[PDB]
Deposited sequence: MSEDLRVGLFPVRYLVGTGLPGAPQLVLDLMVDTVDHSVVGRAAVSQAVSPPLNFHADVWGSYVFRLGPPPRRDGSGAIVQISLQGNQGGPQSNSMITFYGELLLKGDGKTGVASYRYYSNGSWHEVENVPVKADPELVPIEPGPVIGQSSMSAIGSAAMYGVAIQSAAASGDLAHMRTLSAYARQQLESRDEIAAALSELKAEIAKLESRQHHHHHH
C-alpha cells in the first residue's frame, strides 16, 4: 500500500534436464529493503517434487552485487511453522542475472542446491 514496492520473478537453476528448478515470485520494498513472496521447487524426476513455501527476507547492496537473503515456511513469518527454506541470491547490480544457492526441506531431509544461475522473467 506504500510507494516503493515492485514485483520480480526469478528462475533459479541450470535449466538442464532432470535438474532442480526454483521459481521465486518476490515483492521488494525499496524503502525498508524487505522482501516477501513465494518459492516453488520442482524437478521432473520420478517421483514429482512439488515443494512450496511462503518466503521473506531482505536485500543489501554492496559495490556491484545485490544480495537477497530469504527464508520460508508454510504460511509466512507470523506462522510458527518450522523453516523449510533458506535462500541466498547474489544478483548482479541490475537485479536481472546472478547466482543463487538454496536449501529446502522434504521427506524428512534437507536438500541443498548451490551456485546455480539466476534470471529474471
{"item": "Deposited-sequence segments unaccounted for in the coordinates", "value": "1-4, 68-77, 136-218"}
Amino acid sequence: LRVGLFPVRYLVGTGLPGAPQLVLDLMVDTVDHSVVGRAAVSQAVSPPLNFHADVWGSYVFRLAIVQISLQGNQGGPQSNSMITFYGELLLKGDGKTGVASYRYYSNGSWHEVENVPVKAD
From here on, numbers count along this sequence of modelled residues.
query	finding
Ranked C-alpha temperature factor of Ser81 among modelled chain residues, by third	highest
Third of the chain's Cα B-factor distribution that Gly108 belongs to, per the entry	highest
Lowest, middle or highest third - CA B-factor, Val8	middle
CA B-factor ranking of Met27, expressed as a third of its chain	middle
Assigned third (lowest, middle, highest) for the C-alpha B factor of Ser69	lowest
